[PDB]
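Working notes for the structure below.
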Amino acid sequence: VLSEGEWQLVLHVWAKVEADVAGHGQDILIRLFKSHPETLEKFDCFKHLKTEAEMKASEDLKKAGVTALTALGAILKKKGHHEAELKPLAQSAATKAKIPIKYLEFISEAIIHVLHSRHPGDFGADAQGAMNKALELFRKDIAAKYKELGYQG
């Protein structure tokens with residue numbers, strides 16, 4: 001459970017993400033693929049990307065980071081009351097991605113790393129705990145929609 005104070009920590013640092021969504025998205029996806037290079041194989045649209053330099057120069061990767069953070073930010077702003085926004089996203093993910101759902105845990109760690117790296121003054125221990133809870137709630141609710149239809153179950 002997030003307190004309302006914790007939701008406000010989440011939204012306060014998210015405002016800093018929104019000041020440079022593309023840059024945060026590049027940093028997060030590159031961190032994901034350096035920490036878990038085994039995940040890159042499952043991103044069909046990145047089949048041409050192998051090196052950090054190639055990822056930093058990729059418009060496909062930059063656009064994908066923007067799309068991911070755009071949808072994540074819209075869900076975070078609902079402060080847990082995200083059924084209407086989450087259900088179509090999760091059900092489409094379940095029937096169109098066949099990217100393992102455990103990869104959401106890896107990208108969550110990448111988000112926390114990047115936010116701490118870029119915004120330490122606004123991402124201390126309390127804000128990191130709040131963001132960790134918010135992304136865990138998101139992942140659990142996505143898994144719930146997957147399990148409804150039987151995917152990743």
Side-chain angles (χ1 to χ4, degrees), residues 1-49 55 58-116 118-119 123 126-153:
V1 202
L2 282 87
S3 66
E4 173 65 18
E6 287 181 297
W7 280 115
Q8 290 313 319
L9 293 178
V10 166
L11 298 182
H12 186 251
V13 67
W14 208 257
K16 295 167 163 43
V17 173
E18 290 182 337
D20 181 18
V21 172
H24 283 83
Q26 291 168 306
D27 286 354
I28 287 163
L29 288 175
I30 289 163
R31 172 73 179 199
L32 166 69
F33 297 139
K34 282 150 84 192
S35 302
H36 292 278
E38 79 270 14
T39 63
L40 182 60
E41 283 106 284
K42 302 286 163 223
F43 287 67
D44 186 73
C45 63
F46 300 157
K47 62 160 93 56
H48 62 299
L49 305 177
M55 315 171 156
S58 173
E59 185 74 22
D60 285 305
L61 189 141
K62 177 196 269 193
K63 284 175 109 210
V66 170
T67 299
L69 291 180
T70 298
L72 177 56
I75 288 173
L76 291 179
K77 288 173 175 176
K78 299 310 299 299
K79 303 190 290 179
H81 298 299
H82 52 229
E83 167 79 2
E85 292 89 352
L86 187 144
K87 179 203 166 197
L89 182 65
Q91 290 191 3
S92 201
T95 57
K96 294 175 36 133
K98 295 298 182 182
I99 308 206
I101 215 180
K102 85 199 164 165
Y103 289 9
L104 302 185
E105 179 187 345
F106 304 155
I107 200 171
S108 293
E109 309 176 58
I111 288 164
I112 291 161
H113 176 268
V114 171
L115 284 194
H116 181 250
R118 284 184 170 235
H119 311 292
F123 208 58
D126 293 344
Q128 303 168 30
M131 180 69 66
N132 172 55
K133 295 205 242 165
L135 302 180
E136 185 175 315
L137 172 64
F138 190 27
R139 289 191 318 266
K140 281 198 181 243
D141 285 2
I142 291 160
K145 299 290 173 187
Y146 270 57
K147 280 155 211 232
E148 191 199 347
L149 286 172
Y151 296 109
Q152 278 292 52

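Values reported hereafter were calculated over all heavy atoms of this structure, with side chains retained and with hydrogens, waters and symmetry mates removed. Start at 1 with the first residue, then count along the sequence.
One distance of note links CD of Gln128 with NE2 of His113; it measures 10.5 Å at 0.5 Å rounding. Taking CG of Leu137 as the reference point, atom NE2 of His82 lies at 5.0 Å (rounded to 0.5 Å). A distance of 6.5 Å separates CD1 in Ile101 from CD1 in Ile142, rounded to the nearest 0.5 Å. Atoms CG and CD, on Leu40 and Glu38 in that order, are 10.0 Å from each other to the nearest 0.5 Å. One distance of note links CG of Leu135 with CG of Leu76; it measures 6.5 Å at 0.5 Å rounding. The line from CG of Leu61 to CG of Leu29 is 5.0 Å long, rounded to the nearest 0.5 Å.
Taking the charged nitrogens against the carboxylate oxygens, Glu85 and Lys77 have no contact shorter than 4.0 Å, which rules out a salt bridge. With respect to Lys79 and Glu4, a salt bridge is recorded, a charged nitrogen being found less than 4.0 Å from a carboxylate O.
Looking at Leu89 and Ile75, their side chains come closer than 4.5 Å, going by heavy atoms from C-beta outward. For the pair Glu136/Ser108, no side-chain contact is recorded, criterion being any heavy-atom separation below 4.5 Å from C-beta on.
Between the side chain of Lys133 and the main chain of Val1, a donor-acceptor pair closer than 3.5 Å is present. With hydrogens and angles ignored, the 3.5 Å screen pairs a side-chain donor or acceptor of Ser35 with a backbone N or O of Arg31. Although no hydrogens or angles enter the test, the distance criterion places a donor-acceptor pair under 3.5 Å between the side chain of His24 and the main chain of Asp20.
Other residues, nucleotides and ligands place more than 12 heavy atoms under 6.0 Å from the NZ atom of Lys78. Around NE2 of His48, the count of heavy atoms belonging to other residues, nucleotides or ligands within 6.0 Å exceeds 12.
Of all the heavy atoms in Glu6 and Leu2, the pair that sits closest is OE1-CA, 3.4 Å. Annotation for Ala22 and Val66: closest pair CA-CG2, 3.6 Å, computed over non-hydrogen atoms. Between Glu83 and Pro88, the shortest heavy-atom distance links the atoms O-CD, 4.5 Å.
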TODO: Go through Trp14 and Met131 one step at a time and tell me if the side-chain contact (heavy atoms from CB on, under 4.5 Å) criterion holds.
DONE: CA-CA 10 Å; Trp14 208 257; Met131 180 69 66; 4.0 Å; yes
TODO: Take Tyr151 and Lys145 through the test side-chain contact (heavy atoms from CB on, under 4.5 Å) and record every step on the way to the result.
DONE: CA-CA 9 Å; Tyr151 296 109; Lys145 299 290 173 187; over 6 Å; no
Open item on the list: Assess the residue pair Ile107 and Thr39 against the criterion (side-chain contact (heavy atoms from CB on, under 4.5 Å)); give the C-alpha distance rounded to whole Å, side-chain angles, the decisive distance to 0.1 Å, and a yes or no.
Closed with: CA-CA 10 Å; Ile107 200 171; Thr39 63; over 6 Å; no
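Between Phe123 and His116, the ring planes lie tilted relative to each other; the angle falls in the 30° to 60° range.
Test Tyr103, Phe106, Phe46 against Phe33 for ring-ring contact (aromatic ring centres under 6.0 Å, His included) and you get one pass: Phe46. Partner of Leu115 under the side chain to side chain contact (heavy atoms under 4.5 Å, CB included) criterion, out of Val17, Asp27, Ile28: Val17 alone.
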